[PDB]
file coords37.pdb (PDB, C-alpha atoms (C1' of nucleotides))
ATOM      1  CA  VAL A 225     -36.059  77.570 -20.230  1.00  0.00           C
ATOM      2  CA  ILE A 226     -36.438  79.537 -16.972  1.00  0.00           C
ATOM      3  CA  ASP A 227     -39.453  81.658 -16.060  1.00  0.00           C
ATOM      4  CA  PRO A 228     -39.619  85.091 -17.746  1.00  0.00           C
ATOM      5  CA  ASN A 229     -39.534  86.785 -14.337  1.00  0.00           C
ATOM      6  CA  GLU A 230     -36.331  84.878 -13.568  1.00  0.00           C
ATOM      7  CA  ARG A 231     -34.830  86.175 -16.821  1.00  0.00           C
ATOM      8  CA  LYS A 232     -35.853  89.733 -15.976  1.00  0.00           C
ATOM      9  CA  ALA A 233     -34.434  89.597 -12.442  1.00  0.00           C
ATOM     10  CA  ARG A 234     -31.201  88.126 -13.801  1.00  0.00           C
ATOM     11  CA  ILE A 235     -31.061  91.005 -16.295  1.00  0.00           C
ATOM     12  CA  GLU A 236     -31.351  93.713 -13.646  1.00  0.00           C
ATOM     13  CA  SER A 237     -28.887  91.861 -11.402  1.00  0.00           C
ATOM     14  CA  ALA A 238     -26.329  91.783 -14.224  1.00  0.00           C
ATOM     15  CA  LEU A 239     -26.949  95.459 -15.012  1.00  0.00           C
ATOM     16  CA  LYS A 240     -26.639  96.493 -11.352  1.00  0.00           C
ATOM     17  CA  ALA A 241     -23.429  94.470 -11.021  1.00  0.00           C
ATOM     18  CA  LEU A 242     -21.793  97.587 -12.505  1.00  0.00           C
ATOM     19  CA  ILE A 243     -22.573  99.534  -9.309  1.00  0.00           C
ATOM     20  CA  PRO A 244     -19.536  98.055  -7.468  1.00  0.00           C
ATOM     21  CA  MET A 245     -17.468  98.617 -10.620  1.00  0.00           C
ATOM     22  CA  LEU A 246     -17.107 102.385 -11.089  1.00  0.00           C
ATOM     23  CA  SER A 247     -17.109 103.044  -7.330  1.00  0.00           C
ATOM     24  CA  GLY A 248     -13.598 101.744  -6.612  1.00  0.00           C
ATOM     25  CA  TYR A 249     -14.251  98.035  -6.033  1.00  0.00           C
ATOM     26  CA  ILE A 250     -12.017  96.642  -8.787  1.00  0.00           C
ATOM     27  CA  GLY A 251      -8.685  94.902  -8.482  1.00  0.00           C
ATOM     28  CA  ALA A 252      -7.189  93.431  -5.330  1.00  0.00           C
ATOM     29  CA  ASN A 253      -5.701  94.760  -2.079  1.00  0.00           C
ATOM     30  CA  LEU A 254      -8.873  96.631  -1.143  1.00  0.00           C
ATOM     31  CA  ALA A 255      -8.180  96.658   2.607  1.00  0.00           C
ATOM     32  CA  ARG A 256      -4.947  98.673   2.369  1.00  0.00           C
ATOM     33  CA  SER A 257      -5.039 100.426  -1.017  1.00  0.00           C
ATOM     34  CA  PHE A 258      -8.729 101.055  -1.865  1.00  0.00           C
ATOM     35  CA  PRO A 259      -7.778 103.220  -4.831  1.00  0.00           C
ATOM     36  CA  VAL A 260      -8.794 106.849  -5.257  1.00  0.00           C
ATOM     37  CA  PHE A 261     -11.573 106.451  -7.814  1.00  0.00           C
ATOM     38  CA  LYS A 262     -13.413 108.891 -10.058  1.00  0.00           C
ATOM     39  CA  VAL A 263     -15.235 108.381 -13.355  1.00  0.00           C
ATOM     40  CA  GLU A 264     -13.859 111.061 -15.664  1.00  0.00           C
ATOM     41  CA  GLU A 265     -16.201 110.323 -18.574  1.00  0.00           C
ATOM     42  CA  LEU A 266     -18.095 107.513 -20.263  1.00  0.00           C
ATOM     43  CA  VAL A 267     -20.305 106.604 -23.218  1.00  0.00           C
ATOM     44  CA  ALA A 268     -22.732 103.685 -23.387  1.00  0.00           C
ATOM     45  CA  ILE A 269     -25.056 102.209 -26.005  1.00  0.00           C
ATOM     46  CA  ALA A 270     -27.902  99.841 -25.109  1.00  0.00           C
ATOM     47  CA  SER A 271     -29.788  98.763 -28.267  1.00  0.00           C
ATOM     48  CA  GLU A 272     -31.735  95.496 -28.472  1.00  0.00           C
ATOM     49  CA  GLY A 273     -30.042  93.380 -31.145  1.00  0.00           C
ATOM     50  CA  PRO A 274     -26.438  92.890 -32.257  1.00  0.00           C
ATOM     51  CA  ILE A 275     -24.427  96.118 -32.422  1.00  0.00           C
ATOM     52  CA  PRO A 276     -20.715  96.763 -33.099  1.00  0.00           C
ATOM     53  CA  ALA A 277     -18.397  96.793 -30.112  1.00  0.00           C
ATOM     54  CA  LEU A 278     -17.641 100.281 -28.830  1.00  0.00           C
ATOM     55  CA  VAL A 279     -14.105 101.591 -29.240  1.00  0.00           C
ATOM     56  CA  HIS A 280     -11.804 101.428 -26.226  1.00  0.00           C
ATOM     57  CA  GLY A 281     -11.081 104.530 -24.175  1.00  0.00           C
ATOM     58  CA  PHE A 282      -7.338 103.910 -24.380  1.00  0.00           C
ATOM     59  CA  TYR A 283      -7.001 105.918 -27.597  1.00  0.00           C
ATOM     60  CA  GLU A 284      -6.907 109.707 -27.451  1.00  0.00           C
ATOM     61  CA  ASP A 285      -9.508 110.416 -30.169  1.00  0.00           C
ATOM     62  CA  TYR A 286     -12.020 107.731 -29.191  1.00  0.00           C
ATOM     63  CA  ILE A 287     -14.785 110.347 -28.849  1.00  0.00           C
ATOM     64  CA  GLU A 288     -14.791 111.124 -32.577  1.00  0.00           C
ATOM     65  CA  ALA A 289     -14.684 107.402 -33.361  1.00  0.00           C
ATOM     66  CA  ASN A 290     -17.632 106.825 -31.020  1.00  0.00           C
ATOM     67  CA  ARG A 291     -19.618 109.620 -32.673  1.00  0.00           C
ATOM     68  CA  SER A 292     -18.888 108.199 -36.131  1.00  0.00           C
ATOM     69  CA  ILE A 293     -19.755 104.635 -35.081  1.00  0.00           C
ATOM     70  CA  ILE A 294     -23.004 105.748 -33.408  1.00  0.00           C
ATOM     71  CA  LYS A 295     -24.431 108.079 -36.061  1.00  0.00           C
ATOM     72  CA  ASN A 296     -23.809 105.701 -38.978  1.00  0.00           C
ATOM     73  CA  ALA A 297     -25.059 102.673 -37.038  1.00  0.00           C
ATOM     74  CA  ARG A 298     -28.279 104.558 -36.291  1.00  0.00           C
ATOM     75  CA  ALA A 299     -28.517 105.573 -39.955  1.00  0.00           C
ATOM     76  CA  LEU A 300     -28.131 101.918 -40.984  1.00  0.00           C
ATOM     77  CA  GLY A 301     -31.322 101.029 -39.103  1.00  0.00           C
ATOM     78  CA  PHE A 302     -30.258 100.242 -35.533  1.00  0.00           C
ATOM     79  CA  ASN A 303     -32.451 101.371 -32.623  1.00  0.00           C
ATOM     80  CA  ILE A 304     -29.491 102.323 -30.436  1.00  0.00           C
ATOM     81  CA  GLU A 305     -30.060 104.302 -27.233  1.00  0.00           C
ATOM     82  CA  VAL A 306     -27.007 106.379 -26.303  1.00  0.00           C
ATOM     83  CA  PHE A 307     -26.097 107.630 -22.826  1.00  0.00           C
ATOM     84  CA  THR A 308     -23.217 110.060 -22.328  1.00  0.00           C
ATOM     85  CA  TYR A 309     -21.434 111.295 -19.197  1.00  0.00           C
ATOM     86  CA  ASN A 310     -18.986 114.220 -19.438  1.00  0.00           C
ATOM     87  CA  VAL A 311     -18.838 113.748 -23.229  1.00  0.00           C
ATOM     88  CA  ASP A 312     -20.419 116.228 -25.639  1.00  0.00           C
ATOM     89  CA  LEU A 313     -20.782 113.733 -28.524  1.00  0.00           C
ATOM     90  CA  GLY A 314     -21.924 116.506 -30.844  1.00  0.00           C
ATOM     91  CA  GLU A 315     -25.398 118.017 -30.918  1.00  0.00           C
ATOM     92  CA  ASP A 316     -27.176 116.228 -33.773  1.00  0.00           C
ATOM     93  CA  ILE A 317     -27.110 112.911 -31.859  1.00  0.00           C
ATOM     94  CA  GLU A 318     -30.013 112.185 -29.506  1.00  0.00           C
ATOM     95  CA  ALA A 319     -27.934 111.169 -26.479  1.00  0.00           C
ATOM     96  CA  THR A 320     -29.153 111.204 -22.879  1.00  0.00           C
ATOM     97  CA  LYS A 321     -26.842 113.331 -20.715  1.00  0.00           C
ATOM     98  CA  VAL A 322     -26.564 111.096 -17.660  1.00  0.00           C
ATOM     99  CA  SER A 323     -25.215 112.512 -14.400  1.00  0.00           C
ATOM    100  CA  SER A 324     -23.719 109.493 -12.589  1.00  0.00           C
ATOM    101  CA  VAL A 325     -23.264 105.723 -12.751  1.00  0.00           C
ATOM    102  CA  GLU A 326     -26.251 104.342 -10.830  1.00  0.00           C
ATOM    103  CA  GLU A 327     -28.779 106.480 -12.704  1.00  0.00           C
ATOM    104  CA  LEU A 328     -27.186 105.178 -15.900  1.00  0.00           C
ATOM    105  CA  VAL A 329     -28.056 101.713 -14.586  1.00  0.00           C
ATOM    106  CA  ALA A 330     -31.572 103.003 -13.870  1.00  0.00           C
ATOM    107  CA  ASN A 331     -31.844 104.131 -17.494  1.00  0.00           C
ATOM    108  CA  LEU A 332     -30.618 100.713 -18.657  1.00  0.00           C
ATOM    109  CA  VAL A 333     -33.136  98.871 -16.453  1.00  0.00           C
ATOM    110  CA  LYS A 334     -35.937 101.187 -17.595  1.00  0.00           C
ATOM    111  CA  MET A 335     -35.912  99.437 -20.987  1.00  0.00           C
ATOM    112  CA  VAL A 336     -35.384  96.030 -19.264  1.00  0.00           C
TER     113      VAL A 336
ATOM    114  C1'   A B   1      53.301 -63.256 -81.335  1.00  0.00           C
ATOM    115  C1'   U B   2      51.475 -63.754 -87.967  1.00  0.00           C
ATOM    116  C1'   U B   3      56.215 -61.785 -95.126  1.00  0.00           C
ATOM    117  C1'   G B   4      57.384 -62.888 -89.178  1.00  0.00           C
ATOM    118  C1'   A B   5      61.349 -61.250 -84.393  1.00  0.00           C
ATOM    119  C1'   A B   6      65.080 -56.128 -82.879  1.00  0.00           C
ATOM    120  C1'   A B   7      65.104 -51.159 -86.162  1.00  0.00           C
ATOM    121  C1'   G B   8      64.813 -41.847 -84.115  1.00  0.00           C
ATOM    122  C1'   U B   9      65.955 -40.758 -92.003  1.00  0.00           C
ATOM    123  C1'   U B  10      69.040 -38.460 -86.830  1.00  0.00           C
ATOM    124  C1'   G B  11      72.722 -34.826 -84.247  1.00  0.00           C
ATOM    125  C1'   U B  12      75.000 -28.782 -84.770  1.00  0.00           C
ATOM    126  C1'   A B  13      72.540 -23.950 -87.794  1.00  0.00           C
ATOM    127  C1'   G B  14      70.140 -15.673 -85.841  1.00  0.00           C
ATOM    128  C1'   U B  15      67.009 -15.761 -93.593  1.00  0.00           C
ATOM    129  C1'   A B  16      71.232 -11.951 -90.385  1.00  0.00           C
ATOM    130  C1'   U B  17      74.686  -7.181 -89.879  1.00  0.00           C
ATOM    131  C1'   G B  18      74.074  -0.710 -91.533  1.00  0.00           C
ATOM    132  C1'   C B  19      69.546   2.786 -93.162  1.00  0.00           C
ATOM    133  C1'   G B  20      66.144  10.510 -90.823  1.00  0.00           C
ATOM    134  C1'   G B  21      60.109   8.479 -95.618  1.00  0.00           C
ATOM    135  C1'   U B  22      64.197  13.724 -95.160  1.00  0.00           C
ATOM    136  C1'   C B  23      65.266  18.999 -96.523  1.00  0.00           C
ATOM    137  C1'   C B  24      62.302  24.592 -98.120  1.00  0.00           C
ATOM    138  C1'   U B  25      56.666  26.651 -97.275  1.00  0.00           C
ATOM    139  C1'   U B  26      52.455  33.468 -93.920  1.00  0.00           C
ATOM    140  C1'   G B  27      45.816  29.226 -95.102  1.00  0.00           C
ATOM    141  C1'   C B  28      48.326  35.635 -96.641  1.00  0.00           C
ATOM    142  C1'   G B  29      46.874  40.656 -98.748  1.00  0.00           C
ATOM    143  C1'   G B  30      41.970  44.866 -98.759  1.00  0.00           C
ATOM    144  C1'   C B  31      36.841  45.390 -95.468  1.00  0.00           C
ATOM    145  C1'   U B  32      32.546  51.458 -90.873  1.00  0.00           C
ATOM    146  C1'   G B  33      27.805  45.441 -88.611  1.00  0.00           C
ATOM    147  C1'   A B  34      27.020  52.073 -91.237  1.00  0.00           C
ATOM    148  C1'   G B  35      23.583  55.965 -92.345  1.00  0.00           C
ATOM    149  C1'   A B  36      18.001  58.727 -90.453  1.00  0.00           C
ATOM    150  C1'   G B  37      14.937  58.463 -84.868  1.00  0.00           C
ATOM    151  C1'   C B  38      11.419  63.773 -78.938  1.00  0.00           C
ATOM    152  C1'   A B  39       9.919  57.023 -74.912  1.00  0.00           C
ATOM    153  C1'   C B  40       6.724  62.568 -76.857  1.00  0.00           C
ATOM    154  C1'   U B  41       1.747  65.284 -76.399  1.00  0.00           C
ATOM    155  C1'   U B  42      -3.137  66.838 -71.891  1.00  0.00           C
ATOM    156  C1'   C B  43      -2.962  66.666 -65.774  1.00  0.00           C
ATOM    157  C1'   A B  44      -4.516  71.921 -58.911  1.00  0.00           C
ATOM    158  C1'   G B  45      -2.423  67.132 -53.942  1.00  0.00           C
ATOM    159  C1'   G B  46      -7.857  69.886 -54.411  1.00  0.00           C
ATOM    160  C1'   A B  47     -12.277  71.267 -51.726  1.00  0.00           C
ATOM    161  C1'   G B  48     -14.425  72.226 -46.066  1.00  0.00           C
ATOM    162  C1'   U B  49     -11.736  72.927 -40.549  1.00  0.00           C
ATOM    163  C1'   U B  50     -11.769  78.752 -33.975  1.00  0.00           C
ATOM    164  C1'   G B  51      -6.067  75.788 -30.515  1.00  0.00           C
ATOM    165  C1'   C B  52     -12.254  77.090 -28.869  1.00  0.00           C
ATOM    166  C1'   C B  53     -14.771  77.309 -24.047  1.00  0.00           C
ATOM    167  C1'   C B  54     -14.320  78.412 -17.391  1.00  0.00           C
ATOM    168  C1'   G B  55     -10.003  80.837 -14.446  1.00  0.00           C
ATOM    169  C1'   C B  56      -8.853  87.205  -8.431  1.00  0.00           C
ATOM    170  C1'   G B  57      -1.683  86.555  -7.768  1.00  0.00           C
ATOM    171  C1'   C B  58      -5.481  85.660  -4.000  1.00  0.00           C
ATOM    172  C1'   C B  59      -6.358  86.787   1.498  1.00  0.00           C
ATOM    173  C1'   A B  60      -3.586  88.505   7.374  1.00  0.00           C
ATOM    174  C1'   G B  61       1.651  91.854   6.747  1.00  0.00           C
ATOM    175  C1'   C B  62       2.135  99.966  11.732  1.00  0.00           C
TER     176        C B  62
END

call {"tool": "encode", "arguments": {"input": "coords37.pdb", "output": "structure tokens"}}
result
Amino acid sequence: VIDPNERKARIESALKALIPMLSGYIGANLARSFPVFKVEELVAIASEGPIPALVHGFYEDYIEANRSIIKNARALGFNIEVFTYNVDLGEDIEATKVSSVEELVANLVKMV
RNA sequence: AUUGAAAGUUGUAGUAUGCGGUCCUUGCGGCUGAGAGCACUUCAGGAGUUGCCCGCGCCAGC
């Protein structure tokens, strides 16, 4: 319904909304607490159509589950683009080794 | 009003006194309203249905 440029700008705004997410701007009591934040590791998949939800990082062996859910999804015929930070994720998987959070957002907005 | 004139055929009298139509007598004895009989046989309370969607326990706290 809206102009295509409006849709695009909304897309990059939503993607860049993650910049004040992994920097320590979550939760409440920011004035006094402002928690000591660091991103230990992360894995992201972009794709274009419907893809299965990634496994939560709560579990201890979620890296193996992520590898198994990525390789087989790509084998099934999904054009999934994978970005990894501080996660090996094997060697046979074409995954972009990102270095931070904002450049991950740059990679996401590259494919708009 | 004369073959006429006056002239009770009358008085008293229980056809009565007593006397069980009576005595004895099972309408009685024996007798299955009885024997055989599925109110049975076949039946989905069934198909479809998000208890959904939005939500800072929040901001000032030597």

call {"tool": "resolve_selection", "arguments": {"input": "coords37.pdb", "expression": "the PyMOL selection byres ((chain B) within 10 of (chain A))", "output": "PDB file with C-alpha atoms (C1' of nucleotides), in the coordinates of the input"}}
result
ATOM      1  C1'   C B  56      -8.853  87.205  -8.431  1.00  0.00           C
ATOM      2  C1'   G B  57      -1.683  86.555  -7.768  1.00  0.00           C
ATOM      3  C1'   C B  58      -5.481  85.660  -4.000  1.00  0.00           C
ATOM      4  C1'   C B  59      -6.358  86.787   1.498  1.00  0.00           C
TER       5        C B  59
END

call {"tool": "closest_residue", "arguments": {"input": "coords37.pdb", "among": "A:256, A:226, A:261, A:330", "to": "residue 61 of chain B", "atoms": "all atoms listed in the file"}}
result
A:256

call {"tool": "residues_around", "arguments": {"input": "coords37.pdb", "residues": "segment 277-292 of chain A", "least_positions_apart": "5", "cutoff": "12 Å", "atoms": "all atoms listed in the file", "output": "MDAnalysis selection string"}}
result
chainID A and resid 264:271 297:299 306:319

call {"tool": "atom_distance", "arguments": {"input": "coords37.pdb", "atom1": "atom CA of residue 245 of chain A", "atom2": "atom CA of residue 325 of chain A"}}
result
9.4 Å

call {"tool": "atom_distance", "arguments": {"input": "coords37.pdb", "atom1": "atom CA of residue 336 of chain A", "atom2": "atom CA of residue 301 of chain A"}}
result
20.9 Å

call {"tool": "closest_residue", "arguments": {"input": "coords37.pdb", "among": "A:293, A:262, A:272, A:229", "to": "residue 332 of chain A", "atoms": "all atoms listed in the file"}}
result
A:272

call {"tool": "axis_aligned_box", "arguments": {"input": "coords37.pdb", "around": "segment 276-292 of chain A", "padding_each_side": "5 Å", "output": "lines of an AutoDock Vina configuration file"}}
result
center_x = -13.8
center_y = 103.9
center_z = -30.2
size_x = 23.8
size_y = 24.4
size_z = 22.0
